[PDB]
């Protein structure tokens, strides 16, 4: 009994094949939870800015018709929403209450089962506001369920896997009460924003051999453990796994971890964004590359020419799943199913090779 919580996005629809994803591409039995990314906030109220908003509602109802066990949530936030997106809604209880009531009506009208708040990030400044908003939602949700024939709206949150960010942003014990679970964002541990600019893996399970001091923090094992230590019960920890990798353009001839990089990797042809590659792009890149499995860190990286791609593959799916079960975690979260090879047409491994491996690994006694 593990959750498989699957984020998907509303921007992947503008991609060319085979990055071209709509909710209609979703398998109703693939995951236990679906989270739509992202909603917006206009007039201290919840909306959806998506030209496919209405067809999405239609797909939601089809999905839940085919799988009555399926739970679909709505997410607010993300890296680009930032902290700014939550202003001015959080600035007072009045505007906050206006919001919380928009949410309840919204989710009921549209057949969502809860809400994800993935605020990136509260940090020091907004620690208080984030805490308060979560508590007011949690309470309003409970209150609403008091007067209901419906199951109660679930509340989750996408949270930092970064030690310092966790220290600055969260009151964990409070969070443990208010949230049904965290979606631990246990990736983006390394990437081309770093200084000094050196190759590093986006989502390492374990410590690197060269990791010392606060680099010892930048792995999944650590992140997960620190959350539990800070108060979050293990079963409320839902462990994020990525379907993308972080890329680097190599400065010199070192191809190792910690090798100097001139900048982010060449942009994928489909995701057109230098620094990362979806898995369906990674599979093309792997043709003619040399791949190394890191023993220390338990994940692969691939080199082809001056390109260095740290990524996650079927082998790390199964490896990460064993770890999360060993630690009695609540399950697995995926960012994002629409960057797996969902069509099956690039990796020739069937549809959703990575997520499918995760399902199987959780499902296996």
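Positions refer to the first chain, counted from 1.
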- Query: Once you work out the mean C-alpha B-factor for both 342-350 and 5-13 from the entry, which is higher?
  - Reply: 342-350
- Task: Could you check which stretch, 215-223 or 142-150, carries the larger mean CA temperature factor in the entry?
- Result: 142-150
- Largest Cα B-factor, entry values, listed residues 120, 277, 105, 251: 251
- Message: Ranking the modelled residues of this chain by C-alpha B-factor as given in the entry, is residue 180 in the lowest, middle or highest third?
- Response: middle
- Divide the modelled residues of the chain into thirds by Cα B-factor and specify which third, lowest, middle or highest, holds residue 296. lowest
- Assert third(CA B-factor, residue 312) within chain per record equals middle
- Query: Looking at the C-alpha B-factor of residue 69, is it in the lowest, middle or highest third of its chain?
  - Reply: highest
- Assert third(CA B-factor, residue 272) within chain per record equals middle
